[PDB]
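Quick heads-up: it's one chain on its own, the form deposited in one PDB entry, in structure tokens.
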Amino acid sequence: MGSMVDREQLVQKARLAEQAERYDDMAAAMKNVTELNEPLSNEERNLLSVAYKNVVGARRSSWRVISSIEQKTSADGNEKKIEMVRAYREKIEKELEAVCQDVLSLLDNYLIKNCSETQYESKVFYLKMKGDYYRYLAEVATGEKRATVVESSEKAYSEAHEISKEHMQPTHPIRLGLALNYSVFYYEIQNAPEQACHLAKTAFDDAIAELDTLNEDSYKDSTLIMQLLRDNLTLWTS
């Protein structure tokens, strides 16, 4: 494939787009790179994640503002104004669903599929992504549609977890990131704070015990995520 399109120019464009803070361009470049069907370098894997996290993140942020407005607005009872806002919230939802769908397709049909059992970190990374984006779908879903995304997020986090227990140090940033977000899933989506705290604590303690397993490359990222785990732990606890 790469014989047809220059793969390295595409990644360069993505780096470029990141610096101009043009994240649609960035995701577009990384989608294309993925589609060449080669496996993704650790950097490329980050570029991909950052691009889509900012593209979906912008919609999330706008949705939360518009949702909050709908609650106050409804309170008034002004028909026309409420419908304005609900319509607008829906426009943003549909952009959000479309970005999640783009990511999930990429994950299932390119990223997850391609990597080996031996490549263990890639598998957890992408499986966590799949968890996150079903979680993003879950945040704006209702009724049946919601249960299905929640279950899907669950399934994807649950498998990401099993693979990390068995094959990753409790201090690995990815295994730590996974524990973070999975706990967030339990608190925010499942409204199950008992599980949330348990998972966030279990992960934090296990990390602390093995504090020897940190290298010069890990200590920055492992400890920063261990703090977040704790920050959520403290909070939810109160």
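We call the rigid core the largest set of C-alpha positions that still match within 1.5 Å between the two forms. Residue positions are given as counts along the sequence shown, with the first one as 1.
Asks: Among the other PDB entries compared that flank it on both sides, is residue 84 unmodelled in a third or more?
Replies: Counting only entries that model residues on both sides, residue 84 is resolved in every one of them.
Asks: Does a third or more of the other compared entries skip modelling residue 158?
Replies: No; none of the other entries leave residue 158 out.
Asks: On average, are the C-alpha B-factors higher in 108 to 116 or in 81 to 89?
Replies: So the stretch with the higher mean C-alpha B-factor is 108 to 116.
Asks: Select between 68 to 76 and 148 to 156 the stretch whose C-alpha atoms have the higher average B-factor in the entry.
Replies: On average, C-alpha B-factors are higher across 68 to 76.
Asks: Sort 37, 41, 213, 49 by C-alpha B-factor from the entry and give me just the highest.
Replies: Reading the PDB entry, the winner on C-alpha B-factor is 213.
Asks: Going by the CA temperature factor in the PDB record, which third of the chain does residue 183 belong to: lowest, middle or highest?
Replies: Residue 183: CA B-factor falls in the middle third of its chain.
Asks: Where does residue 201 sit by CA temperature factor within its chain: lowest, middle or highest third?
Replies: For residue 201, whose C-alpha B-factor we compare with every modelled residue in the chain, the answer is the highest third.
Asks: Hey, what third does residue 191 fall into on Cα B-factor, ranked over its chain?
Replies: It falls in the top third of the chain.
Asks: Would you check the entry's CA temperature factor for residue 164 and let me know if it's in the chain's lowest, middle or highest third?
Replies: Ranked within chain, residue 164 CA B lands in the highest tercile.
Asks: Ranked by Cα temperature factor within the chain, is residue 57 in the lowest third, the middle third or the highest third?
Replies: CA B-factor rank for residue 57: lowest third.
Below, we turn to the form deposited in another entry, even though it does not appear here.
Asks: Let me spell it out: fit the two forms on their rigid core, measure each listed C-alpha, and pick the one of 108, 162, 83, 151 that moves 2 Å or more between this form and the one not shown. Which is it?
Replies: Flagged residue: 83.
Asks: After a core superposition, would you say residue 71 shifts its C-alpha by at least 2 Å between this form and the one not shown?
Replies: Moves: yes, 2 Å or greater.
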